[PDB]
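> Following this message is one structure expressed as structure tokens.
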Amino acid sequence: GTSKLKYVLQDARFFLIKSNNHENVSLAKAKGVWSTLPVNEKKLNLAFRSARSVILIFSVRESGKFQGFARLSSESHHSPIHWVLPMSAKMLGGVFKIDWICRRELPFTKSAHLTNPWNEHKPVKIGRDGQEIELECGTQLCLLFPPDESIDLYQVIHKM
Ligand SMILES: CNC(=O)c1ccc2[nH]c(C)c(C)c2c1
């Protein structure tokens with residue numbers, strides 16, 4: 001069903017995360033963590049205190065797809081992570097813990113009807129790493145992903 005998913009997304013905030021390689025998204029999926037540059041780290045920490053759920057929607061650059069979405073379970077904090085960088089390791093910030101809500105892909109062709117008011121109404125696939133996605137656009141984007149039957153949102157609801 002979709003009822004628990006809709007509950008988790010209620011009054012949520014949404015951020016587009018752009019990764020330059022698949023390896024970092026796979027590590028995030030395996031370990032339940034993300035790290036970003038300080039300008040985005042500060043924004044995500046502010047958002048985490050501001051909203052019931054903060055949702056990161058991941059896209060690997062040049063893939064033409066989103067790779068899934070996840071909810072922040074903590075602010076950033078400073079084991080290490082063997083990220084693959086394009087940079088010099090210590091240019092990144094702290095580590096955010098995340099709970100995956102969907103690990104399945106969604107092609108950009110399926111989100112062509114979604115525009116983001118916070119990025120000049122460009123298609124939601126367009127945005128810098130860290131671009132906030134307005135509530136209605138972000139909710140509809142998350143609802144487009146294929147259902148991920150491996151995930152149980154019961155534990156995620158209790159963290160709200
Ligand atoms: C120009 N931005 C970057 O190179 C960049 C930004 C955010 C990032 N998060 C992680 C895990 C990496 C490797 C990374 C690189």
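> Taking the Cα centre of the chain as origin, work out the dipole magnitude from +1 charges on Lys and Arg Cβ and -1 charges on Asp and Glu Cβ, in debye rounded to 20. Walk me through the numbers before you get to the answer.
Values: 22 positive and 15 negative charges, 32 e Å.
For this selection, approximately 160 debye.
> When the Kirkwood radius is taken over all Cα pairs of the chain, what Stokes-Einstein diffusion coefficient follows at 25 °C and 0.890 mPa s, in µm²/s? Working shown, then result.
Working: Rh = 15.7 Å.
The diffusion coefficient I find is 156 µm²/s.
> Between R104 and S79, with labels modelled 7 Å along Cα→Cβ, what's the label distance in nm to one decimal, could you check?
Taking the two extended label points, one gets 3.1 nm.
> Can you compute the helix-only [θ] at 222 nm over the chain? Use -39500 (n - 2.57) per DSSP H run of at least 4 residues, normalise by all residues, nearest 500 deg cm²/dmol. The partial results should precede the final answer.
On the way: 5 runs with 46 residues, N = 160.
After summing the helix terms and dividing by residue count, I get -8000 deg cm²/dmol.
> Continuing with the same structure: Compare the peptides 90-98, 51-59 by average per-residue count of other Cβ atoms within 10 angstrom and give them in order, highest first.
Ranking, from highest mean packing down: 51-59, 90-98.
Every number in this text was worked out from the coordinates using simple rules, so none of it is lab data. A quick note on method: Cβ atoms are made from the backbone with ideal geometry, for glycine too, and the neighbour counts reach across all protein chains shown.
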